Every structure is written in structure tokens, then in C-alpha cells.
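K.L.:
Once you've seen the sequence and the experimental structure below, I've got questions.
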Amino acid sequence: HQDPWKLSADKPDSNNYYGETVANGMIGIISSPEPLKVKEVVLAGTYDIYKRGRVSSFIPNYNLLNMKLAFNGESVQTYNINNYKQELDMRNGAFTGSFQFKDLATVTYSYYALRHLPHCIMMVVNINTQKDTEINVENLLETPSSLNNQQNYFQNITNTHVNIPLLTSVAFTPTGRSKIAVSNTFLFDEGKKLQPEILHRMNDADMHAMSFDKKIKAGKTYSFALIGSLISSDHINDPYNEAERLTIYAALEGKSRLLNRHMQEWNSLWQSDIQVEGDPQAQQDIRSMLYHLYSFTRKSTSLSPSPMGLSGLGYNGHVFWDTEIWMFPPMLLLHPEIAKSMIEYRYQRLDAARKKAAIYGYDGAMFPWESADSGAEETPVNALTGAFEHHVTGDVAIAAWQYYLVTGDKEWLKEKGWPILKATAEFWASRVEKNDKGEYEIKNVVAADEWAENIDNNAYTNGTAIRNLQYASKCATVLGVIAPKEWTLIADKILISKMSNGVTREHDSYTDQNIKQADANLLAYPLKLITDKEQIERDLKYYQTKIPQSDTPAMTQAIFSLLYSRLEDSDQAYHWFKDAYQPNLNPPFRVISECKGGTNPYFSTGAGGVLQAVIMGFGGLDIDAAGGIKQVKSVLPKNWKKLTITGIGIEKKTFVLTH
Amino acid sequence: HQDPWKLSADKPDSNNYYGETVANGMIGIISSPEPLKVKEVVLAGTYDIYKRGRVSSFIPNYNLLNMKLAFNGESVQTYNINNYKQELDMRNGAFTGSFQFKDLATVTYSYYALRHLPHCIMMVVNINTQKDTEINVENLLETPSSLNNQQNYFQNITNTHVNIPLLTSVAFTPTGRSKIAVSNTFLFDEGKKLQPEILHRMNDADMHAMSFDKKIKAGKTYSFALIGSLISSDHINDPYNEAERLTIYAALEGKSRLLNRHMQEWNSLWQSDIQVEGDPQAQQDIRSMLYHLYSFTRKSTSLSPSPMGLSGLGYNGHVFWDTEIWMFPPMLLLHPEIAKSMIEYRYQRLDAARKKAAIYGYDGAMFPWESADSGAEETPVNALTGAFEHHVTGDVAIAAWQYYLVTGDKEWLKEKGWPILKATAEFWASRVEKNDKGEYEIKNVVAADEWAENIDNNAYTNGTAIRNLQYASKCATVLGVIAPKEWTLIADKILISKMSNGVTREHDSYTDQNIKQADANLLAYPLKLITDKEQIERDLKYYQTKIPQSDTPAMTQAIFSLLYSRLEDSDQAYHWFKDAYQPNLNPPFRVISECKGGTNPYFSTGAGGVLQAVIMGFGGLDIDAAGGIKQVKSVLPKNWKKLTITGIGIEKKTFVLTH
Amino acid sequence: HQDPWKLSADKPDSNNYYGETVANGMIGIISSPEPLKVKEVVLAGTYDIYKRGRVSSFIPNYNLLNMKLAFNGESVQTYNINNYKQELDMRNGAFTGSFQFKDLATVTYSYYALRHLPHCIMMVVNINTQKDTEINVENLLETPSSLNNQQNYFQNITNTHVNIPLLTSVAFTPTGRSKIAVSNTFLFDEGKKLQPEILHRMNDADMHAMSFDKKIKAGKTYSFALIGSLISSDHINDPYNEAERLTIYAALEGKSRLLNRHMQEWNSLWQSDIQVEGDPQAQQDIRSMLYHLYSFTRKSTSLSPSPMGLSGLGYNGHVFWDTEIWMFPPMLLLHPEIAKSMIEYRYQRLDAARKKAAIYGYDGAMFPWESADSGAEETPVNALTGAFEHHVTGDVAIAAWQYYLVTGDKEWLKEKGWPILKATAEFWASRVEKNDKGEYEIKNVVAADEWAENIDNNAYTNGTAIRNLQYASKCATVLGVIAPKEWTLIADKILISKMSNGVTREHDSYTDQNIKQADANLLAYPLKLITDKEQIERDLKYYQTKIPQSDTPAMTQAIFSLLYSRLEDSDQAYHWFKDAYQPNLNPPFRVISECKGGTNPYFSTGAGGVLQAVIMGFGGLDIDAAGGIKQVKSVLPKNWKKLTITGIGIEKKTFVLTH
């Protein structure tokens, strides 16, 4: 099960199964262990009050691919199939199930979140029978209990050439905030006169279905497709009509043209790749990390991923610094247009950040700890991160400057980077307090180490304020605008303190407490405020054992790996690489949970960190403060013969590393 | 009935009557055969789900002018009046009825959609007595069944000088999308103390009325006016209060000031005119065409006409390429500020076109087949045009570029034209497919000939893509920007094929099918991709008999006329000019239906086409590719002694043509 | 009772009591004569249909500070306390009450509209015991009858260190337009383990409460604080969660940190101050005027004050020219960043002014007589000012140009000032009529003297049209853009006439009528179209006799004062300075009513005028037509030994004047 392009599971065990996701950055479909079913469907950009946190959330959506297959009236069940296998093809995000029904027939089904059509899904079903047989096929549209006020429709769209039967539902999110429409059709090869008659049943309040029968002859394969479109009032004013329009459009494009477009967009994503010689498990794991980041982002949008991307309702679908510092850097090096969408998300929410700053008594733009539709603060009120974890503003500034460093797009810096950098620098200039000694303090925050609450002069927070102020000043210079000279004066005097052993102090109350995640070590990478290798090493030695095994998220060990790679320590770098994700895995597809032994995949934030350990750590790739991508000294794991990284920077460079 | 300024009807026949429209580009009022009634009122910019197509629509509104008149308690009806006449004065959009009631009085009523006050209507009533009589006058506000949740109000607005009685209704469009308010008052000459007492009745759920009595001695003229304001939440946040404010304002202005401003604005519109010597019927018909375009548009707005303007709910009030290619060109030459409003409609909806392109898997801006409030796709889902008729994007680009060519407004090109041309070119660059031979194809469209569905390389569509890419490239140069070299490479290699007889092929599946309307011939005019006179002629000979007599819209024969004028063939040009509209007329005012023998006037699209046959065909006027208006060779109909076109181009040039 | 920083009342008389306001430009809290109660709370920016005028209004909000205090089960009332005093400290907007309860304790309470946290309020209560006692403390959240569909919540926010009990309500404005959230907590000094248990009662439909008991030994001080956050959907998408988040934030900042931040911001505001030597009552009155303008405005916003600021529902909270001409000039000289917010309010409402112009048949931007949320007209329909008092458009233009003169901010002129000046100039160019003598008239207005309705060529109106046209032309020159030459042509020929007595004629129907307020005198100041001191004196001597004692607002005598100050006549200047506000005062805090003997305080318009009489009049300070502030000839009242004005202009200049 160590194909470098395919994740595979034989006989899914429903008692120990964590589904995999196919997604196009707009819709995510999470697999079921049951044949011809999906577990959960998530639509990006649709938020309403729902369950966790009493704040906006992603909403479980229509399981629009759900199918029932019968042979001569006998429904497919666990007890009557064999050689049941699932496979995820990471080359094209195809999720395939295959099984034999008794000794009678073989069934394959592949489904796709179409890469070029953000709101369109397709499942292709192939049935090969060894004897004459009749199939009954049903597609069910069950309204999930997350939605209300549903309506269940069915109609025929016809002309002299086609009969497109549409199974449509329209429903609302819990508070009525968003109207959802879904529209499904069956595609046949045999043409209007010979295609099966489609029946419609509405037997339940929350479910309707379309169905057909088809005679298949011995030794013949019968193929059909299910196309679905899923869209909301967050995406279009009239989702009901747009869903039916899209499904009609996709039906008359046809399966071939749809899969060809899908393949072309996936081929383009995989022009940036990471190849490992000598470690098939690492090769597959790293492909899975790239696959999930590619599936959970979309170029040419203003979409940003949640910590769980489109794998479910993890962290309510909210956007955190998990994007800017964890998922954004590897995407900026491999596909700058993905990074551009992530920062566009923030640019279009700058108004909401100015409003938050004003409500909390500050100048400029104060980005929220958790962001959703509006860009207003969305953190559950019971979590003190929302009111007090202020480094997110610096994290947004850092990503915006990095975008310009890697692309050199000065028109983007004028139109979007500078508005962000100027407003965020104005925030920090208003956020600091000058003390007796002329130093600048940032008092009463929640640390990057979120176990440290309502403390002063957090190392990471203060570091992000310094970088935000420096980068805003640098930006002003590049564009020929005059920056307040106070920004540089403040940056040079923001407190970063050492304990008596010379170790960077996490905050003013810090001695030897356990910490949730990397904080002081982040001043070495990503901030590069600490470059002295002896300082980097003494900070690693003091803090690396401060992170407990339990209830600590995957936002630490990838940084330890990267820093040990920069120190040219192969044994420590590889130890921390494995520790970053292997103890977090869930079967049968090695999806990644947030914490060690956790059960909440897929934590895309964790994948983003590990990709930095591979690209920036083992590959030595670095955003040069002066612009572009440079390469610094690195080591490989002992057992890696070659590391090849393709599509890096706007010159699309290939880097090869060997021992 | 061939007055060059007035359309007149004696004794309206309600069994064979198609009403005429007065409009100010915001409100349209369509005439009733019944005296002192109107059939329908339409407010621009107000759309909701209603009847046809399951998509947004114009909504029948308050018939706010409806009046009941009694003489000595005897109700005035079609059955008991004589010498009843109706007249539309095209000089000032006055609709006038006049009749005799027995031996008592002559009644004249004139109503107006006030040209300067977009939301204000006025009816003026004169009663000339032959005997002593008492009139009872009632103004009815009946909530049409298109509206719901109505409220019926009445109050006196007073000071020492006035008593302004306001009859107000507020109601909602079917889904609650739009709140409509209407407020009416009576104006009297005799002043506060002597004016009639105004009674209010609320006897029905869906109707209330204000009324008065007045004794008039024999041989006197008694005059009163009704002023109404009609506005919605689409136009103003508080329509209820703003309707009352507007009616009070208009009442205090008075009839004389209102009609003087109205006259001044209509006089300005008619400073661009078409004068024909030798053909009184042509002179009246052409004045009717100009009058309807002037009535159905408004300078200094973001309004664009539907194919039926404000004559009713034709095509749901949606905006089509009917504006860009059919109504826009004659308005650009006569009144560029009207053309500016039409293209402003599209500029304001550029973000909705970007959203459509993303949903359908393209780059840039994909303008919708049918547009309404948002600029999202509004085509009924049962019509494949909405998903597949893509030339509308090129049509918007062509109009944008022509606006700049005619005005030379480089500031408008920078702020609005270029955003349109750049985004629409980016769409076409993403829409084409390169083939093995290095040609660019546009596969799977609905043709301009909409009977050809899901075909490849439509002539008109491919031509609009070429022009969009060429004009965007030219625009970039005017503004000192380097357009992507790909735009010219694609433009130069987009497929336009010929059949073995050398005739331009309509699409890759086209041999000799009947066609709905002009498609390949549009490559000659308006696109001017075909300039060779033998090629123009070969294409006319092959396609001119491909358009059936039945169920074919007025989007063909005007182009045939214009092309035969350009070929200096007076007999063919005049044949096609008459065929373009005369078989489409409805009595008694020669309004134009969409198709031959049709009954759905007024098809403003057809008038726009015919006005191009007159201005660009008979007049030889042409948009110069290098800027401004030029004149090419033309002919007149044999029976036209002189054609005079005034107010052309930003120099407001007069063109005179004789034999 | 004549402290230069504090307003004091002994034993409030509920039968003759006009409450004083503490405000931060977002929340106003108006005092009750009853201990530990507030009369009214107003939230800026929240408007809905409510009572007066049938148009949008400020809404009475939660009296969130309402407290009930009992000693040994005995309820504290006005009738059983003694030595009860109230005091407003203008230095920090602290409202303090203090009283003795029998032989048990002294109670002191101080409340604040926190200056740095626009949505946060704090009350601090100190109990100083003379005997052992037990207090019962209740904080009540009563939903006012202005709101509907309330919900009453209570929860504990806890961690190892804190238990923050939140008393929260959520409700809606009358039409459901706005959702309001309020969240309160108690702060204690003693810590989580020792703090009182907080009980919650929900006994009424419209009220819930949180309460505690505390035993206090004799001779001890016990202190507690109430913090509350008040916010709406007009301010934030999710007011419910944002109110709770803000109160948690404020609780974990704590009383000391909040008051320090509050004091810092009030210290900054008072860096611009007016010091009078030899007249303690004038010193205190002028402080009260500065205090109210500082409390009723907020830098770095788009808020503009109503005529009553946040003192209540006066004039529905609508924005009038009372800002541009009355409150804006003193704030522009003292704190340009306050003036910037006031003009930002108009800039962000330019689209609505363009819409109003279009609806009334004009070009450009027509600012409404009364403005609220959208910028559309909000004047009650029964008042003709809404449709007909047109000088407001010139008033906005004047303020926009003055902002540029005083700041010299050319980037602001390009982005905001020019859009205002260009559109308002276009309005006036479309508003004038040229007569047979080549002069420009403005006909059928309501005058600045609002008693003159539907008249022609109002002096002040014509003056503002001239300045608007001139300043738009000067603006075009500053930015190097071409202005229509018609603006200068029109400005030079707009009619301002003299009657046969050599007095400027108010309008074309004016001879000797009583006038509501200053009109023709405003051509001298502020417009400075009349600089001839003899014409100023003629207009002064005539019109100063025409203002009746009754029903005439404080928009007159302050100008008389300033002009007599400019002519160097102390006795007259001082007479009109006193008449401007002293006859409009309400006890016991000398709050200002709109009219002489009025009962509708606080008329901040009136304070604005008088501050101009002091700064521009007695101080001789003037906005120089060429940029910055200059000083012309002035006099002081006989009895004033010295006038000092600090923080003037962007140079922050101090001006000292003596006899």
C-alpha cells in the first residue's frame, strides 16, 4: 500500500476508518467505508451558526453522490460483496471503490470534485456482468439535519436530442443565513431513445430519489455517470437556478470533456512536486501532504483554507495564522498563485480588520484570531485567543511581504501588499507601550504557546510586531511613500528577553512551564530574528522537551526538524520530521490528526509545517530578505538517496539534493 | 393617421388593440383602450421571481393613473361616449385621450412619464362643458396581484397655503425582495379654500380611492391634474417616505413648471432626428423607432433596456446583447450619453461576470446571456442559451471599444473600457482550444442562430472573440500597456471556415439548415471581418432565404438592408428595410412585435436594428476603426427624395443624402 | 458650583432636573436624578423607524448601568439617603454620585463611556462603612419598550484564575433593522476564590438581573466595578458574540488599565483648550461646550453628530448642516482629526447624494437636509425642508474645502475632497436658472431662515452656491484638473440683492418679516462674501431686531457676537455671546436647549456656534483662504483679563489675548 501516487485500503473496516477527501478548493467530499456512499460534503465560504463554539461554522451539506445498487432486486450490502477495495489517486483526486457482487458482477465507481468547475462533482460507475442481469440504480438526495425548510424537486430538461432528468433540492442553513441548492443528473452513453426511464420518489420529509432499471447482457460493461452541482447564496444570488444551469451545462459538456479539463488542471498542479529516492513511505506521505494542500486551496480566488481544509468541520472552517505561517509558505514556493489567493482572502477583509482595531481601541488593521465570511472576529468567546492572541496581525503582514519578496510584483505591492502592511504597522505602533528605559512592551496577550494566557512580552508576538514594522517600512521605501519614522524606532526597541542561561524567554512570567507548541523557537524560523547558530541550539535544547506528548498540535516538531536541518544535524532533523506527523496518523489512508493519537483529521496545518521541514529544511530553500528564493546549507535523512523539488519560485527551478 | 410627430387612433377597438408606451427610462405606462385607464405600469430596476422562466422579472406595478369619472352620477364608459380618440405625441411623450359625453362635456386627458423626474408621472384632465354638470372624480390605487402585503394610506399635508391630499400604497414583490411605494395627489387651479373636499374610501383588500365632486356651469373649462410618484427599495432605502416627499415636491412645483422641464428635456432628445422627404409613412415609422429608444433609455444612469424596453414584461426585463449590438449603435451616434448608460450597466456588473467565468471554469469576465439586477446569469434554465450562448461577452467588449472610438474619452477608457476589454479578452484566451494544426477553436456553443445548439466554431461567436481580443490589444496600446501577445496570436488563428461554394459556414455541422436569424452575415456588419464585396454578396445569396417567415425575430432583415445599401443596391436595401418591421406591426399605433405576425410588442431590439439600416445603411454612417464617424457609399429607396440625420457624433454633425 | 473642570448638583430635584451626558462619540449615557440609575443610553449609528416623524431615529437603548443597592435588606432610595451630590468631571467625562446611607456607609459611584473602547462602559462603586453591614447588589438589564424579541442570557466564563459572570441581552429595533447586544460583568479585587457568588434572576419578560451579597466590617472600603459592552449589527456582523468578547476582554484588562487608557485619551483631547481669566462662569460654560463637542465626536471614524450629539433622540439623531457650519469649524481648528470624521460621514454618503440629485432632476450630488445611516433624505415628510432647503449641499462643499485649507492634505483633497467638490459643483450648475439679464437665480427653496418657504434667491443659499462653485474651481487648480468654465461664470453672476434701505435682502419676497435665525448675516461670517464693515454693520443692525425671543434656535446670536468682535465692539460682542446660550440653559448642570426657555437639551449645534464666537470672534482666529490659520483684529469682553487658546491648526499653536 506504498504506491507513490495512490493511497489504497482493502476491505474498509467501519470500526476503524477515517475517510479521505477529494476536493477542488470549493467542495470537499469525505469517503465512507460503505460502497457507493460518501460520509460528509463541505462547501467552502458557506458559514452559519451551528454546533461548536456558538459562532459561524461550515455546515455538513448534501451527501449528493449517495447511491443504492441492486441486482435483480437484491441490494448491494457488506454480506454479499467481496474483493472490496478503495483507492485515492493523488494524481487526479479520483476516489475509487471496486467490488464483486457475489460471483455475478464487478462494480467500479470513481468520483471527483471537478478541478475546473468549483461547484461540480462527478461519479462514474462501471458494471461488468458474467450473466444477463437487471440493475436497479437509485441516487438519494437526503437533506442533512444541519439544514432546514428543504424542498425536493424533479424535472426533465428536453430538446429533440436530450432528456436531462434533474433531481434538485433547495434548503437553508440553521439561521436562514444561506440558501443551498444541489442538482443531480445521470449521464448515459446510449442516447435519448434507448436511455433508461428515470423515476422520482418523494417518500420522506428529508429525502427524495431518482432511479432506473437497466438490463445488462452477459460479458458486457454498462457505464453511467452521476453529475451534481452544489452552490449557495454565499456564491451566487440565485443558487436554485444556477445549480440546475450548471448540471445541464456539465451534462452537455459530457463525461469525456469534463474529465479531460479535470486532468489538465491536476497535471498543472503536479508540475510542482517533491520526489524522494530511498524511502517509499516518505515519498507517499509527502505526496499526500502536497495533495491535501492542492485539494484544499484554489488559484485565482479569495479563498483561504481552515486548519482542516475541506476535510470536515475542523475549527468551524475558520481561517487562522495556520494559513499565513503554516500552509502559505510551501504553497508560495511551489505555486505563488495559491499563495496569492490566501493573501487575497486577507486583503478583501482589511475593512473588517480596521473595524476590529477600532472596537478594541487600536489604530490601523487588527486581523481576527479566527476569520470566516466577513473578516470580523469569529473565535468562540470561551477561548481567550479571540480577544488576546494578537500575533495574527503580524502573521498577515509577514505573509504579505513574503508574497512580494517571492513574486517581485510591485503592482500587487502598491494595490494590496502596502494597504495591509501600512494598516498592520499602524496597529502595532498603537499596540506597544513605551516604558521608563525607552523600550517598547506588548502587554497582556495570549502567546503562540496558547497555554500562556494574559502574559507580557511574548517572544513570538513581539517578534511578529518587529517584522511587521520593519516590512511596512521596507515596503514604503520600495514604493516611494514616506513611512512614519516611529515604525523603525519602535521595531528596534521592542523587548525580546533572555533568561540567565542565555535562552530566549517565552514571556515575562516564563521559567520552565510546559508549552503547547513552538514559540521562542519561531524567532529562529520563520522570523529569522535569531540567526546565531549557538542561540538557535540553546533555544532548541531548552524548549524541545517542554512540549508534552498529549494534546499538543502539529505546529512544533516540523520547525525543530527544519532548524536541525539548518544546523546540518541529520539524525535530529529526521527524528523531528517523523515525530511531526507519524504519531498523528489515522488508518487506513494515513490522514493526519491535529495531535499525537488524535482522531480529528485532516489537519492541513500539520501538513503545511512538515512541507516546510522538507522544502526549507532538507532542501535548504529560503525566502531571501532581498527577494527571490535562495538555498542555504541543509542535510538529508541518512536513508534518503535523493530529494528533488520542482517548480520553485517564479523561474520554476528544480533543486536536487544528494549526500 | 400619418402625422410625422403623432400616432393617432379613432375609437379604440379593445378586441384588436396593442397599447402604446410613454416612458422616461425609469417608468413605462402602457395605454388601455378604456378612457382614463392604463393597462400596465413597469418600473425599471425592480426584479423578483414572477411567472415566466422561474427567474427574476419586471413586475406589473400600480396602474396609478386609473380614474373613474361620472357626470351627474352617470359613470363614463366606452359604451356611452362618442368621438373617442387617442393620440401619442412623440415630441414630448404625451398620451392623450379625448371624447364627448352626451350633451354635457368634452373630456381631454394627457399623461406623461416626466422626463426630468424619473419616479414622477402626471395626468392632466380638462372638462369643457356644453351644459351645467356635476362631475365625480375617483383615483383608484389597486394593488396588482403581482404584489402582496399591501397597505393603503391617506393623509392631508397642510400649511396656511395648501392642502395636499396624498393617496399612498406600499406593497411587496412576490418573494419580498422589493418594497414598492406609490403616492398620488390631485392638483387644482382654484386654491386651498375653494378646492374640492377629497374623500378617501378603503372598501376592498386590494383597492382604495380618493374622490371629489365639482359643479361646473355650462360653457366653462375645469382642469385638474393627478401627480403620482412610484419608487422601490431597489432605488432608495425608504420608498414609502420618499414617494410622499416626491409627490409633495411635484405638487408644489405645479403642472406648468413640471411640463416646461419635461418639454425642455424632450426638445434636447429630438436635436438628434431623422427626416425623410417623399415617404410620410417611413417618416412616422422612423420617428416611432427613435421615440421608443429615447423613451426606453436614460442618460446619466447605469440603466440598460430589455428587448421590450418599458413596454411590458417582454423577456422578463432582462438585458441581452440586444442592447450592445442592436439598440446601442444608433444611440451611440445620436446621443453618446445614452450609449454611456448602456455600457455603464455592464461596467457596474463586471464583478458578477468575473464570478460567472469562475463558476463555468474560465478566466476573466464572462458576461451572462441574460442580465438583471446583480449581473449574474438570469436565463431560464430550460433555455440552453444561458449556459452555452457565449458571444455576449464579445458583444459587450465591442460596444465598450465603440464607445471609446466615437467619444475619444481616454479617461473613460482607463477607468471603465479597459477593465471590461481586459477581463473579456482574458475570458476568450481561456475559452479557445488550440488544435493540432495550430488553429484556435471555440467548441460547444449555441450560435447567434439559436436553432443551432451545442455546435462548434459558430461564425458569429468566433468573430466576436477575434474582435474582443483585437480591441483589447488596441486599448492596451492607447493606455501605454503591453497586451498579452497571446491575444493577437489567438485572434489571428481563430477558425472561420468556408463551404465548397466559398460561403462562410455558420458552424462545423452547418450545410443548408434553416436559421433563426443573421449569424454569418453579421461578420460583414457589424463585425466588418468580411469587407470583400463578392464575399458579402455570396453570403447574402446563400443565407437570405434560410430565415423562415414564422417564429424568426427582428434581428436579420435590417442587417440585410444595411449590407445591400453598402453594396449600393437600392431595390434590395428597401425591400429588406420594409420586411424588417412592417410584417411585425400591431394596431392601432404600428407598434413592433418580435416576429412576423407576432403579438408581443414593443420589440425595441427590432427598432434598434432598423435604425442602423437607416443611419448606417441609407445614411452610409460608420464607426471609423481609427476613431469618430465616417460616411461610406450608400443609396436611398427610389421614393425617398431626401434623408437628413442630425446630431451625429461628438461634433453633432448633420448629414443630408439625395439621389 | 463654579469649578472650571466640574459641574456639581446638590440633592438632585427630579421635578426640575435635566440630566448630563458622558460619551465617547459612540455611546452616550444621560444621568438620572435617582442614585445608581441612568435615564437614557444612545448608541451612535443605529437607526430605525421609531416615533417622531415616521423616519429613521436613534433608539432608546439598554440602561445597562442600572443598579439596586440594599443595606441589611433595606433598599437605597432618594428618600432614605442624605448628603446626596452628583458631579461631572469634564477632565475625563466621569459622572460621580455620592451619598450617606443612615449610620451604615458612604457610597461613591463614578461611570465612564470608556474613551478608547467605543462600545464599553464602566461604573466603579466604593462603599466606606461606619458600621458592620451586608450589601445586596443587583445589576438589571431591562429591555426598553423601543426594542423587541429580546433574549436574556447568563453564563460563567472560567479558567483556573477567573470566573467572569456575563449578564447578556440581545434584542431588535422596531422593524428588525438592527440587532442590539449588551453584555455586563462585575469586577472584584479579592480574586476568584473569595469573590461573591453571582446569582441570576429572570423573573420578568423584559428584565433579568445578576446579584450578590457582601458582608463588610465597619471601617472598611469595599469596591466593585460594573463593565458593560453595547453594540449592534450596524457596527459588527455578530453583535451577540462581540458584546461578550468585549466584556471578557475589558474584565481581563481590569479597572486600573481601562481607566489609564481612558485618561490618556481625555488628556490628549484637552491639549486643545480655552482658558478665560477673570470670568469663572464663562470659563466653566466654555469648558462644558468643549467637553460636549469632544464627547459627541470621535476621531478616526465616519461618525457625524446630530444637533443633540449623544444627549438623547433630539432631531432623531439625524445629521444636518449643524455639523458642517456649526460644530465642524471649532473642531477643525482644535482637533482636525475630529473634523476629518465629520467630513468622512459625508464622503461615504456621496452615492446617496448622487441618487437624491437624480430623483429631483439634478446633476452631481445633492446632500439631504437630514441624513442618517444610508445618506438618503430622512426629513419627516410633513416638513418642507426635506424637499426644498438646498444650501446643505454647499455647506458640505464648504466644510470639505475648509478641511483641505486647514490640513493642507492634498492626498485627502484628491481622494475625498475633490469627489465632494466636483459632484456638489455639478449639482449647483444644474440648480441655477439664467435670466434675461444674464444673472443666475436659484428659485423655489426654503431659506436658512426656515420660516421663509418655497421662495426665490435666498441670500445664504446663493452664497453657499457661489462658494461651492469657487472652491470646486480652486480645488481643480490645486489638483491640476480642468474645471468646467461655467462654474466661475455662474459663481460671478449668482444674484445677491440689497433692499432700498441698503440691507442685504433675505429672498425675493422679503421686506420686513421676522426671521427664524441668521441667514443674510452668514454672508459676512462664515462665508466672507461681505467684507465691507459698513455693509456688515447695516445687515447686523437690521436683522438683529427680526429674531423673536420664542421658537428661535441657537444659530444666530453667536454670529452677531463674532461679527461685533471682528468690528472691535466689546460691549455688543459680549452681550450677544451671553444671549446666544444663557437664556437656553437647563438646571442643574447648565445644559443648553435649542431655543430660549427650551426643555430639549443638549443642543451641541448651539455650543458649536458659541465656540466659534470665542475662537474666531474673541480670539480673532480665521481659516485663511490661502491655507492654515491666521489671526485678524479682535476684542475681549471688558471683564475678561485674558483668553488663551491651545492646540490650534496642524502646528498646534497657542494664542494669548489681553486688553
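P.N.:
Received, thanks. Residues are numbered from 1 along each chain as shown, chains lettered A, B, ... in the order given.
K.L.:
and the gap between the residue of the stretch 501-650 of chain A found nearest chain B and residue A:339?
P.N.:
Across the stretch 501-650 of chain A, the shortest distance to chain B (CB to the nearest CB) belongs to residue A:650, at 16.5 Å. Just so you know, the C-beta spots here come from the backbone N, C-alpha and C atoms, and that holds for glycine as well. Noted for residue A:650: a distance of 11 Å to residue A:339, by CB to CB, to the nearest Å.
K.L.:
So between these two, which is more surrounded?
P.N.:
Neighbour tally, residue A:650 and residue A:339, criterion other CB atoms under 10 Å in any protein chain shown: the higher count belongs to residue A:339, 26 against 12.
K.L.:
Could I get the contacting residues of the more buried one?
P.N.:
A:328, A:331-332, A:399, A:402-403, A:406 (CB atoms under 8 Å, 6 or more residues apart in numbering or on different chains).
K.L.:
Is it possible to get CSV of those that adds neighbour count, distance to chain B and secondary structure?
P.N.:
Shown next, in CSV, are these (neighbours: other CB atoms under 10 Å in any protein chain shown; distance: CB to the nearest CB, whole Å; DSSP: H, G, I helix; E, B strand; the rest coil):
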residue, neighbour count, distance to chain B, secondary structure
A:328, 29, 21, helix
A:331, 26, 19, helix
A:332, 24, 21, helix
A:399, 22, 23, helix
A:402, 22, 25, helix
A:403, 24, 20, helix
A:406, 21, 22, helix
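K.L.:
picking that back up, excluding its backbone neighbours, what's nearest the residue of the stretch 501-650 of chain A closest to chain B?
P.N.:
Leaving aside its sequence neighbours, residue A:650 sits nearest to residue A:407 (CB to CB, 6 or more residues apart in numbering or on different chains; 5.9 Å).
K.L.:
I'd say the one you found and residue A:628 touch.
P.N.:
No - with contact defined as CB atoms under 8 Å, residue A:407 does not reach residue A:628; the gap is 9.6 Å.
K.L.:
Give me the more crowded residue out of the two.
P.N.:
Legend: neighbour count by other CB under 10 Å for residue A:407 and residue A:628, higher for residue A:407 (20 against 15).
K.L.:
Please report phi then psi for that one.
P.N.:
The phi/psi pair for residue A:407 (degrees, to the nearest 10) reads phi -90, psi -30.
K.L.:
Flag every residue of chain A that's near chain B.
P.N.:
With CB under 8 Å from any CB of the partner chain as the criterion, chain A meets chain B at residues A:116-119, A:157, A:159, A:161, A:231, A:235-238, A:241-242, A:244-246, A:248-249, A:252-253, A:257, A:261, A:300-301.
K.L.:
try 7 Å
P.N.:
A:116-119, A:157, A:159, A:236-238, A:241-242, A:244-246, A:248-249, A:252-253, A:261 (CB under 7 Å from any CB of the partner chain).
K.L.:
Which members of those residues occur in strands, if any?
P.N.:
Those of those mapping onto strands are residue A:157, per DSSP state E.
K.L.:
Just the buried residues of the residues of chain A next to chain B.
P.N.:
Among those, those classed as buried by 16 or more other CB atoms under 10 Å in any protein chain shown are A:116-119, A:157, A:236-238, A:241-242, A:244-246, A:248-249, A:252-253, A:261.
K.L.:
How far does the lengthiest helix in chain A sit from its chain's centre?
P.N.:
Determined from DSSP state H, the single longest helix within chain A is helix A:239-269. The chain centroid and the centroid of helix A:239-269 are separated by 22 Å under CA atoms, centre = their mean, to the nearest Å.
K.L.:
Next, name the residue at the spatial heart of chain A.
P.N.:
In chain A, the centroid-proximal residue (CA atoms, centre = their mean) is residue A:309; its distance is 2.9 Å.
K.L.:
Would you report the backbone torsion angles of that one?
P.N.:
phi 40, psi -130.
K.L.:
Distance of it relative to chain B?
P.N.:
According to CB to the nearest CB, to the nearest Å, residue A:309 and chain B sit 19 Å apart.
K.L.:
do residue A:417 as well
P.N.:
Taking CB to the nearest CB, one finds residue A:417 at 21 Å from chain B.
K.L.:
what's near enough to touch that residue?
P.N.:
The neighbourhood of residue A:417, defined by CB atoms under 7 Å, 6 or more residues apart in numbering or on different chains, consists of A:400-401, A:403-404, A:475.
K.L.:
In a helix, it, correct?
P.N.:
Yes - counting by DSSP: H, G, I helix; E, B strand; the rest coil, residue A:417 falls inside a helix.
K.L.:
Buried residues of the next helix-or-strand element following the longest helix of chain A, list them for me.
P.N.:
Next helix or strand after helix A:239-269 toward the C-terminus (DSSP states H and E): strand A:274-277. Buried residues in strand A:274-277, counted by 16+ other CB under 10 Å: A:274, A:276.
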